[PDB]
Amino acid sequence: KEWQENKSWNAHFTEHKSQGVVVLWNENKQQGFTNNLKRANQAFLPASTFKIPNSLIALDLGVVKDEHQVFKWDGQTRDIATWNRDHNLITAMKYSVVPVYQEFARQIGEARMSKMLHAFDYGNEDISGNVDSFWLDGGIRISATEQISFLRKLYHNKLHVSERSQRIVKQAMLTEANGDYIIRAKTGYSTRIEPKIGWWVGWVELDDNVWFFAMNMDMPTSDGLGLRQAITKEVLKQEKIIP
């Protein structure tokens, strides 16, 4: 792979008083683009973008039966109100319900979790820390370019889990669709270890091509979280990927 820097994308960070990186990958052309080649390859905690590999492993191992199985609220009231109810895989992904996925990771266990992250070649393949929080405050790290590499394999059903698990997780990643494009993606927000950053990783399905993306950006307060999608979509619009 071969990477072109487009610094003009930086205008969209500048005009929103922000700093970060957008990485794009044109699947047809096998060509990548980014505003910052160095930050594109900087590895960070994945935070809730780890729900993608966690979901795959839980499904492949049968910890999750299917996308309709109900995960009961553990009763503890937490600050994000959508978390304080029962969920299935679809809504747990949509609302990024951490406690549900911590429960998955406990059941998967360290041995199988480590084996699967090596099988996926996911980030630095390091799960040091608590098995139920290592993607929030442990040793795992992944860069935006490494998120693309992983997502490309998921798109092609080439990860070493069942085809069914990959199809279900891609259903659960559904974020936006209309007559012009489909976006499958996952947000993240890493706050437990500096630097506080926001993530958005996934892809845009067109009629005749797929554009993979991965972005992260400094997130000193939660009032900037909507800029994850906003800045990405402005880059997508600039490159004429979406209208």
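Each residue number is its position in the shown sequence, starting from 1.
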**Fill in**
Assert higher mean C-alpha B factor (189-197 or 174-182, deposited values) equals 189-197
**Request:** Higher average CA B factor in the deposited record is what I'm after, so tell me if that's 206-214 or 66-74.
**Result:** 66-74
**Fill in**
Listed options 131, 136, 116, 168: highest C-alpha B factor recorded at 131
**Entry-reported Cα temperature factor of residue 154, expressed as the chain third it lands in** = lowest
**Request:** Using the B-factor values recorded in the entry, state whether the Cα atom of residue 219 falls in the lowest, middle or highest third among the modelled residues of its chain.
**Result:** middle
**Request:** Using the B-factor values recorded in the entry, state whether the Cα atom of residue 107 falls in the lowest, middle or highest third among the modelled residues of its chain.
**Result:** middle
**Item:** Chain thirds of CA B-factor: placement of residue 31
**Value:** highest
**Fill in**
Among the modelled residues of its chain, the C-alpha B-factor of residue 147 falls in the third labelled lowest
